[PDB]
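Here is the structure we will look at, set down as structure tokens.
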4 protein chains.
Amino acid sequence: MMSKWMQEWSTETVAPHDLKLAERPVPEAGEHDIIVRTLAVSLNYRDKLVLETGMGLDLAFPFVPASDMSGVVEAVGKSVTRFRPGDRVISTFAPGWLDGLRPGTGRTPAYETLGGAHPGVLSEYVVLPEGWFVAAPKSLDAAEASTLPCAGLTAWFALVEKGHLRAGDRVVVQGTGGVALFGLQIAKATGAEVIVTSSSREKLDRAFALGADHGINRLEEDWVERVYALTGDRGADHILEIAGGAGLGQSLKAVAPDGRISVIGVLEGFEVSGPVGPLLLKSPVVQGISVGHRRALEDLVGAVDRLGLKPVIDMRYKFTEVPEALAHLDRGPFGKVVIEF
Amino acid sequence: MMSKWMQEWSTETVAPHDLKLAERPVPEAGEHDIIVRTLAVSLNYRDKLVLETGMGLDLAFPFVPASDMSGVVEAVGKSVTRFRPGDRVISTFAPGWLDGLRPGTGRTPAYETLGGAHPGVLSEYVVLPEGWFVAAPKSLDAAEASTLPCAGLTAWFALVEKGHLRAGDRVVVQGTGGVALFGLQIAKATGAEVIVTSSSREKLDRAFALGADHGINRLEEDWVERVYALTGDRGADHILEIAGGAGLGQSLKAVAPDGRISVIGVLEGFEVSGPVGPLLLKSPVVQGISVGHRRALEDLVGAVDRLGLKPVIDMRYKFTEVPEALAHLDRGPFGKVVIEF
Amino acid sequence: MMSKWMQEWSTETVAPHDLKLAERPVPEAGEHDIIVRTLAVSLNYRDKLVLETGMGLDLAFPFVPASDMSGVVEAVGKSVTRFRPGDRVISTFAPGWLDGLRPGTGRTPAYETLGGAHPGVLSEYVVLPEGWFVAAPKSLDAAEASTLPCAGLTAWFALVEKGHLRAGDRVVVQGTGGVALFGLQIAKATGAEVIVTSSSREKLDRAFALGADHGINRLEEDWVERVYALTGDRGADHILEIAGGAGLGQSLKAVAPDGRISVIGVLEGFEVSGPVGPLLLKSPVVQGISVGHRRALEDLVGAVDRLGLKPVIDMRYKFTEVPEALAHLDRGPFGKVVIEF
Amino acid sequence: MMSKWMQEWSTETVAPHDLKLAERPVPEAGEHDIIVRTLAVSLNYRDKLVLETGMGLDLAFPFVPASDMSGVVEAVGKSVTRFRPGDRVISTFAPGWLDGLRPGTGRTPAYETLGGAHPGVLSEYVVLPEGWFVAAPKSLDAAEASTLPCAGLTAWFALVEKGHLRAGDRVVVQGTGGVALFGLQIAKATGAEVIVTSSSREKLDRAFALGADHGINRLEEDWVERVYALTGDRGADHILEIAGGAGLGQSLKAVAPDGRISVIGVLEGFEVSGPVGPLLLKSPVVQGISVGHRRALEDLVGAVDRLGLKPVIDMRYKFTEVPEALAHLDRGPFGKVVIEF
């Protein structure tokens with residue numbers, strides 16, 4: 001049979017948090033729920049923010065963080081149509097959102113995620129509706145697969161779904177985190193030329209190895225001026241503006257006329273500044289991006305498989321080493337931090 | 001036979017200007033030049049700034065201000081095909097932006113406009129390339145036609161060309177200047193609701209007579225709330241953010257998830273500002289709008305005719321009263337200041 | 001307390017049908033089911049074909065026809081959240097097409113619809129998943145609301161969602177059936193000109209009273225010429241090609257370069273036909289239109305309200321006179337045949 | 001100095017033609033004309049049709065065929081701004097058309113090309129406006145460069161500009177001519193998977209060598225059924241439907257829901273047939289495509305250079321061997337037929 005009890009990482013409080021190992025009964029699957037045995041969880045920077053700030057959310061305690069997982073289906077409810085036991089799955093970051101229009105209202109934009117308004121995935125089994133998972137990619141292991149729901153999909157959503165990247169485009173990726181690295185890979189597979197900015201030479205070295213066309217050390221030179229040199233003054237067709245700390249004003253100077261700037265982050269009350277000169281005169285699109293919908297996820301998964309794309313994982317951590325995994329999170333990882341079960 | 005001499009308002013310097021009347025020869029028409037007897041000129045706020053600050057432009061002196069005119073073709077060069085004598089025409093604000101990709105570079109966004117990098121139109125005859133005119137609307141006098149190449153076209157470009165505004169959309173128009181009111185007129189012709197914001201009851205009442213469905217006095221109430229209340233919390237489909245209005249961070253809160261915010265602007269030094277949260281969670285497209293191209297202009301002209309749209313004109317001034325018109329131009333015109341020849 | 005028994009028009013066979021009155025128990029509502037008292041049903045031409053030919057469908061017998069209804073919610077299941085008792089609703093033609101990518105496969109395009117792969121609505125109560133309804137328009141009686149899920153939505157989908165129709169566009173609507181007339185009403189609300197084609201002066205006169213700018217009798221004159229003459233040779237921005245109208249090759253000649261032709265259709269065996277030349281040299285988008293999704297429906301409902309759009313209804317028939325209504329349905333209704341409960 | 005006389009291939013008549021070597025004076029450059037010394041000309045199937053049918057065009061005799069050339073600028077007129085002597089150029093297929101809206105009217109779609117309404121390029125020097133050439137790619141020789149104006153641009157226009165190809169998409173290329181091969185290459189560089197159809201095993205062998213993912217011999221198997229097998233029944237995201245002889249009806253069966261079908265050809269009065277089943281139910285876009293505008297050309301050129309794309313040339317022919325080059329044209333070449341000077 002299946003086992004009676006499961007372990008999860010759980011907290012009674014946030015901001016501050018006391019996250020720890022708890023053991024509770026495996027919950028019962030409803031008619032449409034599936035039970036997944038968790039193989040891998042990918043951490044995201046927002047999990048640190050939910051744990052440490054609360055992020056304004058109404059959380060159900062005990063709270064379990066994290067949203068991105070890959071696993072194997074153990075049991076399906078009487079009316080499950082999407083999966084059978086044995087199927088490999090990954091979870092979806094924004095469960096409501098299946099395709100098209102972003103949920104939320106003008107007053108209240110914040111859609112419900114996993115590891116937030118909805119339960120997180122940092123437990124041995126997860127029991128959620130069938131419609132909240134998609135088939136995992138055939139060509140990736142559990143760990144690699146866990147990276148896609150959030151970072152993978154964001155990069156993909158920005159560049160492809162919203163962006164329409166073309167072969168020959170010049171893309172600027174800001175930094176070397178998960179979203180940025182997936183951006184580099186998706187841009188490269190699409191035939192774009194990719195420019196990475198860093199404040200680390202070691203990280204630019206690794207980026208060069210993934211196939212970045214150019215690296216700019218922005219503590220050593222003026223990156224905007226370098227983008228000009230690299231583009232024959234044309235500017236970047238697309239800029240993944242991440243953290244908007246090396247932000248918007250600079251991005252507006254670098255972007256080509258009619259180009260695109262995707263602003264990716266999570267920061268609750270950060271302030272974006274820009275000169276209304278390039279903004280008016282080059283007429284770029286400035287587009288807010290968070291994650292994507294599950295039809296976009298399923299597109300990505302197929303693309304991953306057909307391209308042989310390999311997610312960048314900085315480190316895999318054993319399940320009992322979640323405290324260390326979260327710590328690696330504030331140290332700026334090259335690619336993804338993944339927990340293996 | 002034609003006249004040998006023509007008058008114009010020109011200045012030998014900028015910052016500040018010394019704009020006086022002057023009389024010079026009617027220039028020679030080249031093979032592809034047409035000679036146009038000016039019937040009307042619309043003033044734009046940038047005309048003031050070009051005269052007072054120079055706006056980092058390379059102006060040929062004596063410099064004539066203004067970009068927006070209509071008139072009657074008097075003579076054409078040997079090779080001209082677009083127009084015959086007696087044809088009615090209007091200037092194109094950014095000459096040689098015919099369609100599609102906007103001109104300019106990453107480093108050098110600016111494009112060339114009339115009454116700026118190219119000569120102004122505030123003279124008795126204009127002598128320019130045939131390609132810098134389009135056929136005037138058939139349904140309008142010259143004063144009305146002259147309103148279109150900048151103000152007309154900015155709103156048409158923001159709402160229809162790039163905006164794809166649909167019937168049933170809610171639109172928020174900030175202020176009551178020239179772009180704002182074409183904003184309302186085109187939004188109403190598209191079957192959308194228009195909410196006008198203003199700091200003056202009298203302007204609001206005038207707006208209502210033009211057929212604004214709602215008007216908000218931003219000095220009485222938080223207009224963001226009133227937008228929520230007006231759209232049952234959905235917030236607004238399209239917000240025309242006219243740079244000296246109510247703010248970017250303000251319209252971010254007011255915009256509907258996946259909605260659009262068009263940034264339309266003045267001063268060459270305004271710095272934006274906005275919170276990241278709405279930009280991200282709500283994912284609107286924020287798009288700077290620098291007027292528009294010639295094929296969009298031809299579209300707007302056609303639509304003006306089949307719609308029977310009447311441009312809003314605050315006051316017509318005689319050629320001799322340009323100074324008086326420049327004064328009106330910075331008392332916040334309700335609509336357009338036009339000089340009638 | 002609710003009734004124990006309800007009546008319906010059903011048939012034990014198709015090809016041909018033997019549609020009679022029948023009385024069965026009010027079905028049980030599941031957790032996410034709502035029970036709706038039917039107030040009106042709109043008939044669609046496909047209802048006739050489903051009954052007479054079966055249209056290669058896997059119908060559960062006894063089979064009830066029709067897909068388009070509105071009514072009042074009577075009871076909801078334990079878990080239902082979309083609607084409360086007393087709420088006014090309309091059916092969704094293709095249930096579970098919520099937004100975005102259309103369901104189906106390369107091999108198996110067909111999707112599931114009400115009154116087809118799923119049960120019909122031509123009964124006294126309907127019992128279906130909450131997700132298969134949207135809130136009714138506030139501005140309309142039930143007869144009018146019931147016109148929207150198929151005819152309403154096809155024209156909204158072709159012209160606005162996929163079509164991006166702008167004010168000032170010229171639109172050609174073939175015939176005067178249900179999709180044609182929403183075509184006109186939505187085109188007029190968007191500020192476009194509508195040209196109606198027909199083989200009947202009386203229909204044309206009725207069309208004109210609805211506000212068609214021009215009507216062509218295709219039996220008097222070559223309507224392609226009349227379109228050229230009407231648009232100074234530009235030809236038409238958007239042509240609604242209703243499969244039993246005037247032809248695909250005909251609208252190819254009539255469409256403006258880079259214009260759009262929406263193909264909307266009936267018989268499961270019609271073969272198109274067109275010359276290559278216009279298709280190539282003029283490059284229109286030709287787009288088959290199979291109704292639309294649920295979020296588009298919600299858009300259309302909103303727009304119907306803020307516009308004050310009144311759907312065109314040819315005749316209301318009582319529940320008992322379905323046969324009479326099926327007869328009207330193939331005498332070429334001007335607009336919609338509705339059955340009123 | 002330059003020489004006084006030049007050679008061209010020229011005909012006094014078409015349909016039938018008597019094309020032959022003539023020698024005439026090098027024409028004088030006007031103020032905006034440039035003089036290019038021709039290095040390579042790429043033949044296109046339409047040149048055979050103009051020569052042998054006339055193609056309905058009003059031709060200026062002596063007529064010189066062909067439209068696609070690469071050369072070196074010899075002399076520029078007094079007002080030439082775009083090029084100086086020594087610059088490498090290629091010509092543009094549709095000179096009017098710079099960006100955006102396709103020229104032509106509803107009644108008269110056929111835009112003016114080189115080798116037709118405008119002079120052809122099969123002469124030692126060509127004297128045309130500066131605006132009718134673009135910079136040649138830095139990374140290609142004359143011959144390879146001559147292939148781009150037409151075939152290159154069509155494929156690019158269909159797949160990228162109109163199509164928005166994505167990485168992971170499945171593309172069907174019909175046949176092995178110029179447009180189809182460029183399609184394969186552009187699709188591959190974009191990360192798509194490419195399926196080629198042929199009635200030649202030898203040609204599928206060569207296609208495999210260019211990086212085609214799959215080849216279907218359509219005289220040996222049912223290609224539509226194979227596309228299903230290759231896509232797990234999903235169908236093709238994009239189909240380059242060329243010659244529409246292996247045509248539309250079949251393409252409609254193969255295309256994915258919401259997929260795209262580009263119809264490419266030239267054929268004056270060919271008839272396209274399709275079943276209105278998939279067309280309605282999968283709701284693809286069917287899009288006429290001929291060539292593109294010069295901003296699209298300049299995008300392609302940059303992409304070519306940044307990707308290291310190498311045009312497929314079946315054979316290069318010496319200038320005096322144009323009769324043989326045209327003959328190779330009716331024999332179905334693998335890629336392009338190029339004349340070297």
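By convention in this document, the chains of the structure tokens carry letters A, B, ... by their order, each chain's residues are numbered from 1, and ligands are numbered from 1 in the order they are shown.
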
- Message: Counting only C-alpha atoms, a student should be able to say which residues of chain B come within 7 Å of chain C; what is the right answer, written as a PyMOL selection string?
- Response: chain B and resi 160+164+166-168+189-191+302-303+306-307

- Task: Using backbone DSSP assignments, extract all helix (DSSP H, G or I) residues from range 79-193 of chain C; output them as a PyMOL selection string.
- Result: chain C and resi 130-132+142-145+148-161+178-189

- Query: Which residues come within 9 Å of range 290-293 of chain D, counting only C-alpha atoms, excluding same-chain residues fewer than 4 positions away, as a ChimeraX atom specification?
  - Reply: /C:280-283 /D:92-100,102,149-158,161,263-266,297-298

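Distances to residue 131 in chain D were evaluated for D:32, D:238, D:107, D:336 using only C-alpha atoms, and the minimum falls at D:32.
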
- Task: Mind checking which residues fall within 10 Å of residue 220 in chain A, counting only C-alpha atoms, ignoring those fewer than 2 positions away in the same chain, and posting them as a count of residues only?
- Result: 9

- List every residue of range 64-293 of chain A that DSSP, applied to the backbone of this structure, places in strand (DSSP E), and write the result as a PyMOL selection string. chain A and resi 68-76+88-91+125-129+133-135+170-174+193-198+214-217+236-242+255-264+271-272+285-288

- Within 7 Å of residue 177 in chain C, counting only C-alpha atoms, which residues qualify if same-chain residues fewer than 5 places away don't, as a ChimeraX atom specification? /C:332-335

- Using CA of residue 78 in chain B and CA of residue 35 in chain D as the two end points, give the distance in Å to one decimal.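 These atoms are spaced 23.3 Å apart.
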
- Message: Nearest residue to residue 110 in chain D out of C:285, C:67, C:341, C:277, using only C-alpha atoms?
- Response: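 Comparing C:285, C:67, C:341, C:277 against residue 110 in chain D, the winner is C:277.
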
- Item | Polymer residues at most 9 Å from residue 51 in chain D, only C-alpha atoms, same-chain spacing of 2 or more positions, as a ChimeraX atom specification | /D:11,13-19,46-49,53-55,65

So that I have them on file, write out the residues from the current selection with N, CA, C and O atoms, as a PDB file, in the first residue's frame.
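Result file part_31.pdb:
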```
ATOM      1  N   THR D  11      14.415  41.226 -74.487  1.00  0.00           N
ATOM      2  CA  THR D  11      13.407  40.714 -75.427  1.00  0.00           C
ATOM      3  C   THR D  11      12.480  41.827 -75.930  1.00  0.00           C
ATOM      4  O   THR D  11      12.060  42.694 -75.150  1.00  0.00           O
ATOM      5  N   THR D  13       9.588  41.090 -77.239  1.00  0.00           N
ATOM      6  CA  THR D  13       8.270  40.447 -77.230  1.00  0.00           C
ATOM      7  C   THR D  13       8.174  39.473 -76.042  1.00  0.00           C
ATOM      8  O   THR D  13       9.189  39.041 -75.500  1.00  0.00           O
ATOM      9  N   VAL D  14       6.968  39.174 -75.580  1.00  0.00           N
ATOM     10  CA  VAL D  14       6.812  38.070 -74.641  1.00  0.00           C
ATOM     11  C   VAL D  14       5.678  37.218 -75.100  1.00  0.00           C
ATOM     12  O   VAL D  14       4.736  37.737 -75.689  1.00  0.00           O
ATOM     13  N   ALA D  15       5.744  35.925 -74.764  1.00  0.00           N
ATOM     14  CA  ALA D  15       4.596  35.035 -74.829  1.00  0.00           C
ATOM     15  C   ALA D  15       4.145  34.901 -76.254  1.00  0.00           C
ATOM     16  O   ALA D  15       2.960  35.108 -76.543  1.00  0.00           O
ATOM     17  N   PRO D  16       5.079  34.562 -77.126  1.00  0.00           N
ATOM     18  CA  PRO D  16       6.394  34.102 -76.696  1.00  0.00           C
ATOM     19  C   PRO D  16       7.476  35.144 -76.717  1.00  0.00           C
ATOM     20  O   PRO D  16       7.293  36.190 -77.273  1.00  0.00           O
ATOM     21  N   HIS D  17       8.605  34.823 -76.118  1.00  0.00           N
ATOM     22  CA  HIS D  17       9.711  35.725 -76.045  1.00  0.00           C
ATOM     23  C   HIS D  17      10.822  35.389 -76.974  1.00  0.00           C
ATOM     24  O   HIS D  17      11.029  34.234 -77.297  1.00  0.00           O
ATOM     25  N   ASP D  18      11.580  36.396 -77.368  1.00  0.00           N
ATOM     26  CA  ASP D  18      12.882  36.175 -77.939  1.00  0.00           C
ATOM     27  C   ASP D  18      13.998  36.858 -77.205  1.00  0.00           C
ATOM     28  O   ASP D  18      14.549  37.818 -77.664  1.00  0.00           O
ATOM     29  N   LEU D  19      14.335  36.306 -76.065  1.00  0.00           N
ATOM     30  CA  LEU D  19      15.372  36.831 -75.187  1.00  0.00           C
ATOM     31  C   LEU D  19      16.748  36.596 -75.785  1.00  0.00           C
ATOM     32  O   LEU D  19      17.015  35.541 -76.342  1.00  0.00           O
ATOM     33  N   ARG D  46       8.817  33.162 -61.420  1.00  0.00           N
ATOM     34  CA  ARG D  46       8.045  34.190 -62.114  1.00  0.00           C
ATOM     35  C   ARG D  46       8.649  34.758 -63.416  1.00  0.00           C
ATOM     36  O   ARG D  46       7.901  35.143 -64.314  1.00  0.00           O
ATOM     37  N   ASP D  47       9.977  34.804 -63.507  1.00  0.00           N
ATOM     38  CA  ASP D  47      10.670  35.293 -64.703  1.00  0.00           C
ATOM     39  C   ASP D  47      10.331  34.457 -65.929  1.00  0.00           C
ATOM     40  O   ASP D  47      10.271  34.973 -67.056  1.00  0.00           O
ATOM     41  N   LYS D  48      10.142  33.159 -65.713  1.00  0.00           N
ATOM     42  CA  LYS D  48       9.751  32.239 -66.784  1.00  0.00           C
ATOM     43  C   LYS D  48       8.329  32.575 -67.236  1.00  0.00           C
ATOM     44  O   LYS D  48       8.012  32.539 -68.455  1.00  0.00           O
ATOM     45  N   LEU D  49       7.482  32.871 -66.255  1.00  0.00           N
ATOM     46  CA  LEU D  49       6.092  33.255 -66.470  1.00  0.00           C
ATOM     47  C   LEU D  49       5.919  34.622 -67.148  1.00  0.00           C
ATOM     48  O   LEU D  49       5.042  34.786 -68.010  1.00  0.00           O
ATOM     49  N   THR D  53       4.360  34.092 -70.518  1.00  0.00           N
ATOM     50  CA  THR D  53       2.945  34.446 -70.551  1.00  0.00           C
ATOM     51  C   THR D  53       2.683  35.955 -70.684  1.00  0.00           C
ATOM     52  O   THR D  53       1.620  36.367 -71.189  1.00  0.00           O
ATOM     53  N   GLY D  54       3.650  36.766 -70.252  1.00  0.00           N
ATOM     54  CA  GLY D  54       3.444  38.201 -70.138  1.00  0.00           C
ATOM     55  C   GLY D  54       2.928  38.513 -68.740  1.00  0.00           C
ATOM     56  O   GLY D  54       3.229  39.565 -68.204  1.00  0.00           O
ATOM     57  N   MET D  55       2.166  37.592 -68.147  1.00  0.00           N
ATOM     58  CA  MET D  55       1.640  37.748 -66.748  1.00  0.00           C
ATOM     59  C   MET D  55       0.735  38.943 -66.557  1.00  0.00           C
ATOM     60  O   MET D  55       0.650  39.506 -65.469  1.00  0.00           O
ATOM     61  N   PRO D  65      14.492  40.720 -67.948  1.00  0.00           N
ATOM     62  CA  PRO D  65      13.893  39.969 -66.840  1.00  0.00           C
ATOM     63  C   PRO D  65      14.743  40.008 -65.568  1.00  0.00           C
ATOM     64  O   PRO D  65      15.838  40.581 -65.570  1.00  0.00           O
TER      65      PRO D  65
END
```
